[PDB]
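Student: Here goes the first bit of my complex:
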Amino acid sequence: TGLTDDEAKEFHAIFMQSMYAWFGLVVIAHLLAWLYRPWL
């Protein structure tokens, strides 16, 4: 896939942390939403 083995730990790192940040904003939204009007 035209990457080096040196540049996929690098990519994997950025991918994982970014993905986790996204998941974080998601958890905030789901937390505010659960407070303002719990859905379960």
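Tutor: Arrived safely. Numbers count the residues shown, from 1 in each chain, chains lettered A, B, ... in the order given.

Student: count of neighbours near the spatially closest residue to residue A:33 that is not a sequence neighbour?
Tutor: Counting by Cβ to Cβ, 6 or more residues apart in numbering, residue A:39 is the residue found nearest to residue A:33 once chain neighbours are left out, at 7.3 Å. Quick note: C-beta positions are derived from backbone N, CA and C, even for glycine. When neighbours are defined as other Cβ atoms under 10 Å, residue A:39 has 6 of them.

Student: and residue A:30, what helix or strand is that in?
Tutor: Under the criterion of DSSP states H and E, residue A:30 resides in helix A:7-36.

Student: which parts of that helix are buried?
Tutor: For helix A:7-36, burial by neighbour count (16 or more other Cβ atoms under 10 Å) applies to no residue.

Student: Let me see the contact set for residue A:29.
Tutor: Going by Cβ atoms under 8 Å, 6 or more residues apart in numbering, residue A:29 touches no other residue.

Student: And it, how far from residue A:19?
Tutor: Between residue A:29 and residue A:19 the computed distance is 16 Å (Cβ to Cβ, to the nearest Å).

Student: now residue A:11
Tutor: The separation that residue A:11 has from residue A:19, given Cβ to Cβ, amounts to 12 Å.

Student: residues shared between the contacts of the two?
Tutor: Residues touching both residue A:11 and residue A:19 (Cβ under 8 Å, 6+ apart): there are none.

Student: quick one on the thing from earlier: does the residue nearest to residue A:33 belong to a helix, a strand or coil?
Tutor: Counting by DSSP: H, G, I helix; E, B strand; the rest coil, the backbone at residue A:39 sits in coil.

Student: what's the distance between it and residue A:2?
Tutor: Remark: distance between residue A:39 and residue A:2 (Cβ to Cβ) = 44 Å.

Student: got it, and residue A:30?
Tutor: The span separating residue A:30 from residue A:2 equals 37 Å under the rule Cβ to Cβ.

Student: do the same with residue A:32
Tutor: From residue A:32 across to residue A:2, the span is 42 Å (Cβ to Cβ).

Student: Then residue A:25?
Tutor: When distances are taken as Cβ to Cβ, residue A:25 and residue A:2 turn out to be 31 Å apart.

Student: Please apply the same query to residue A:19.
Tutor: In this structure, residue A:19 and residue A:2 are separated by 22 Å, where distance is defined by Cβ to Cβ.

Student: Chain B follows; place it on the structure:
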Amino acid sequence: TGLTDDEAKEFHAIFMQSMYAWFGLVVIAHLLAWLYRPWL
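Tutor: The block that follows adds chain B to the chains above:
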């Protein structure tokens, strides 16, 4: 499949443990779903 006999040991390993991780997340979700709302 242009893999070595060893890169079918490695891939198989990550495949299996990764998959087991998925099944794990699944047991987690199903557990929450059953406690809050048993379906059977």
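
Student: For residue A:28, list the residues it contacts.
Tutor: Shown in contact with residue A:28 (Cβ atoms under 8 Å, 6 or more residues apart in numbering or on different chains): no residues.

Student: For residue A:37, what are phi and psi?
Tutor: Dihedral angles phi and psi of residue A:37 (degrees, to the nearest 10) take the values phi -170, psi 80.

Student: State the number of residues packed around it.
Tutor: Neighbour count of residue A:37, defined by other Cβ atoms under 10 Å in any protein chain shown: 7.

Student: Please report the distance of it from residue A:25.
Tutor: Look at residue A:37 and residue A:25: by Cβ to Cβ, they are 19 Å apart.

Student: and if you look at residue A:16?
Tutor: From residue A:16 across to residue A:25, the span is 16 Å (Cβ to Cβ).

Student: do residue A:19 as well
Tutor: Residue A:19 is 11 Å from residue A:25, where distance means Cβ to Cβ.

Student: And residue A:31, how far from residue A:21?
Tutor: Distance check for residue A:31 against residue A:21: by Cβ to Cβ, it reads 15 Å.

Student: Please read the previous query as pertaining to residue A:14.
Tutor: In terms of Cβ to Cβ, residue A:14 sits 11 Å off from residue A:21.

Student: just residue A:28 next, same as before
Tutor: With distances taken as Cβ to Cβ, residue A:28 is found 11 Å from residue A:21.

Student: Repeat that for residue A:15.
Tutor: With Cβ to Cβ as the criterion, residue A:15 and residue A:21 are 11 Å apart.

Student: what does residue A:32 give?
Tutor: Where residue A:21 is concerned, residue A:32 sits at a distance of 17 Å (Cβ to Cβ).

Student: And for residue A:38?
Tutor: As defined by Cβ to Cβ, residue A:38 lies at a distance of 25 Å from residue A:21.

Student: How about residue A:1?
Tutor: Note on residue A:1: its distance to residue A:21, by Cβ to Cβ, is 24 Å.

Student: Name the surrounding residues that touch stretch A:10-19.
Tutor: Outside stretch A:10-19, the residues touching it (Cβ under 8 Å, 6+ apart) are residue A:3.

Student: how much distance is there from it to the middle of the chain?
Tutor: Using Cα atoms, centre = their mean, to the nearest Å, the distance from the centre of stretch A:10-19 to the centre of the chain it belongs to is 9 Å.

Student: Chain C follows; place it on the structure:
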Amino acid sequence: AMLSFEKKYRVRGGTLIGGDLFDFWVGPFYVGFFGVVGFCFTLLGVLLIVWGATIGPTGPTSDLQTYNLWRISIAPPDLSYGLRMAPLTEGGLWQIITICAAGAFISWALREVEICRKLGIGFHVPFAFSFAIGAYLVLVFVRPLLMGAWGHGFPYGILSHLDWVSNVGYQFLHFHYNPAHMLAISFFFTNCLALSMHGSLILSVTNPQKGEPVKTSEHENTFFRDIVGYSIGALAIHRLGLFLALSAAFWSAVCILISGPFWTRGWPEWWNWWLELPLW
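Tutor: Let me add chain C to what's already shown:
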């Protein structure tokens, strides 16, 4: 059996799925893995339409049961069932036959695809086919889903489905005013026009008056340029026709997609946005 020039192309490989497993011909039809899935979907579909014809809406001995071809009809379940699977003898059958029809059309499309890979031709045909498959899906999958129940789908019967079209059409009072309907109808009519013009042309040049030789490209362009001051040219006319017919299918799909889910009022009323602009 093969065409007198066919053996030289009947190569091995090109699949998507199956590989050498089903990589063979039967008579003139290509099988392939998707010919098998297709035949299975198809056969069960038809065999079930035969069983529905066998049982009838009130049982095999009642007067509504029938094997008359104009009248055999398999209809959806009531709306009360929503998106759930409904009992077999209450529209369940119709649901399964539908799953089989969608699966068969999709297998057929994928098998035309393996055939393009074998023959090495463009894949314009199965892509174009996929437009009819799409229209069929809106008429059984998308709309009835957006409408919270599978019963919004049309029944499978020669004239009864015509009746579906009729009363659904009439819930909007004057369907002709559906603007997407107006489009699709325009393409269906124009498509029918270009086709008659191309058809006529090819046949008018490769077979000209006795005393004349097969005609030329120069003739082709000169005739329609003579008549209407323009000729779109040979390649492109094949392009247009493909555009018209695929678009005609498109707009049929959208004109029905908006009739319910995105518009409930009569359709002529839609045109109000025009009489009320602040211009008049």
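
Student: The contacts of residue A:29 again please, chain C included this time.
Tutor: Taking Cβ under 8 Å, 6+ apart as the test, residue A:29 contacts no residue whatsoever.

Student: Residue A:36 versus that one, what's the distance?
Tutor: Between residue A:29 and residue A:36 the computed distance is 11 Å (Cβ to Cβ).

Student: and what of residue C:85?
Tutor: When Cβ to Cβ is the yardstick, residue C:85 and residue A:36 sit 36 Å from each other.

Student: what's the domain layout of chain C?
Tutor: Per the record, chain C has its domains at C:1-171, C:172-271, by CATH domains of a matching chain.

Student: Output these in CSV; the columns should cover distance to residue C:280.
Tutor: Output for these, formatted as CSV (distance: least, Cβ to Cβ, whole Å):
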stretch, distance to residue C:280
domain C:1-171, 30
domain C:172-271, 13
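
Student: okay, those in TSV with mean neighbour count next?
Tutor: What follows is those, written out as TSV (neighbours: other Cβ atoms under 10 Å in any protein chain shown):
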stretch	mean neighbour count
domain C:1-171	16
domain C:172-271	15
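
Student: can you tell which of those is closest to residue B:6?
Tutor: Set against residue B:6 and scored by Cβ to Cβ, those come closest in domain C:1-171, at 25.8 Å.

Student: Span of that closest one from start to end?
Tutor: With Cα to Cα, to the nearest Å as the measure, domain C:1-171 spans 52 Å from end to end.

Student: Wait, residue C:65 touches residue C:51, no?
Tutor: No - in this structure residue C:65 lies outside contact range of residue C:51 using Cβ atoms under 8 Å: 11.6 Å.

Student: Who's the closest spatial neighbour of residue C:217, skipping the chain neighbours?
Tutor: Distances taken as Cβ to Cβ, 6 or more residues apart in numbering or on different chains put residue C:234 closest to residue C:217, at 6.7 Å, once the chain neighbours are dropped.

Student: residues touching the closest residue to residue C:224 other than its chain neighbours, list them.
Tutor: Counting by Cβ to Cβ, 6+ apart, residue C:231 is the residue found nearest to residue C:224 once chain neighbours are left out, at 4.2 Å. In this structure, residue C:231 makes contact with C:220-225, judged by Cβ under 8 Å, 6+ apart.

Student: can you tell me which helix or strand the residue nearest the centre of chain C belongs to?
Tutor: Central residue check for chain C by Cα atoms, centre = their mean: the C-alpha nearest the mean position is that of residue C:132, 3.2 Å away. Using DSSP H and E, residue C:132 sits in helix C:124-137.
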